[PDB]
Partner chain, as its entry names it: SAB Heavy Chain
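First comes one chain, alone, set out as C-alpha cells in the form solved without its partner chain.
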C-alpha cells in the first residue's frame, strides 16, 4: 500500500556495489517491465525499523544478518519461501545465519570478515602481532608515515582485538544465547581495549579517525596498514597502492576474532511486491551473472552461492577473508544485538577519546548489553498526550 505496488525499491549501504546492483535491476526491468530503484541512504539500518514500523520503507533491505532478528521480532521482515532446489544452491551455514525462530527471514548473499590490508611498498612483510605495531609506527613516523589507520567510530573494526584474548558478546549454550552471560567487561575485553587506548595515547592512532579518513590515508599511501572488508578492495585497486590482504595480527598470542556477517536481503513485511522481490532475488541476483555484476562493482567477499564462490575462491584475498572468518565467530542475530552494538560503540569511542577509562566504559557496556530490552519501534512523531 504505502510502498508502491508494481515496482521494487531496494536499500543497500553506500560502501557496497549499489551501481552493480542497479545494473541487475535494469535487466529485470527490461525483461519484466518492473522498475527497480536502488538507494543507499545514510544510516539505513537505523532508518529502516523506524519507517517500516509504519508500513513504509524499501521493498528489500540489504544488511548483515545480525540486525535481522530484531527486525523480524518487530514484524518488519517477511518469511521467505525458497524451495528445496533453491536452498541447495547456497551453503547451509549461510541459511543458518538468516534463520530466526525456525523461519528463514532473508536471502543470504555473501560472507564478510575483516582482514589486515597492507601497502607492500612500505611494508613487504606485515606484522604478525599487535604488540609490534607501536615500534613499527615509531620507525615510520620518523620518515613521515604511519603504521596503521582504521575506523575507530564503529565497534565492528575494534571488535577483533577486544575478542582476541577472551571478550565475547553473548554466551551460546544449548540452543540459546544467554543474554545474562555477556563477555564485554572480562579480562580479555579489558586487555584488548586497553591496548587500543594505549595506541591512541602514545600517538600511534587518532581517536577521531573514521572510515573516510582511514580509507583516504591508506589509498594515498600515507599509512602502511588498514583494517577493512572486501568491499574496500575496489577503491584500493583504483589507487596507486600495491596492496596485500592477510590474517589479522595476533594479540597475546591469540588470533584476532572478527565478528563475521552474512550480507543478506530481507523483504519488508509491508511490501505488496513480495512475489516480485522473490523473483528478483532468486532468479536475477542470486545467479552467477547477478553476483558478478555486483562483485565487479565492489567485492562481496565469499558469496553464499556455491557455483559462483567456486570462481571467486581463486584469489588469495578471499583465502585471507576465509582464514579470518574461521578464526572469528558468526554474529548472533538475536534482537539484543542492537543493544550490544550501541553499548560497545559507546565504550570504544568514550575510552578512545578519554571521556571514560577502559574499566568504566566496559562496565557500562556490560550492563546495557545484558539488559533484556523491551524494544519498541515507535517514536515521538506518533505520540499523543492522554
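Take the two forms, superpose them, and find the largest set of C-alpha atoms that agree within 1.5 Å; that set is the rigid core. Numbering follows the first chain given and starts at 1. Only residues modelled in both forms are compared.
Not on display, but discussed next: the form solved in complex with its partner chain.
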Open item on the list: Using a 4.5 Å cut-off on any heavy atom, which residues of 37-69 would contact its partner chain in the deposited complex?
Closed with: 65
Open item on the list: Looking between this form and the one not shown after fitting on the rigid core, I'd like to know which of 267, 114, 300, 184 has a C-alpha displacement of 2 Å or more.
Closed with: 184
- [ ] Using the form shown as baseline, tell whether residue 183 and residue 358 are closer or farther in Cα-Cα distance in the deposited complex, where the change reaches 3 Å or more.
- [x] farther
Open item on the list: Just to spell it out: taking the C-alpha atom of residue 185 and the C-alpha atom of residue 358, is that distance smaller or larger in the deposited complex than in the structure shown here, given it changes by 3 Å or more?
Closed with: farther
TODO: Three or more consecutive residues, each Cα shifted by 2 Å or more between this form and the one not shown after core superposition: list those runs for me in sequence order.
DONE: 176-185
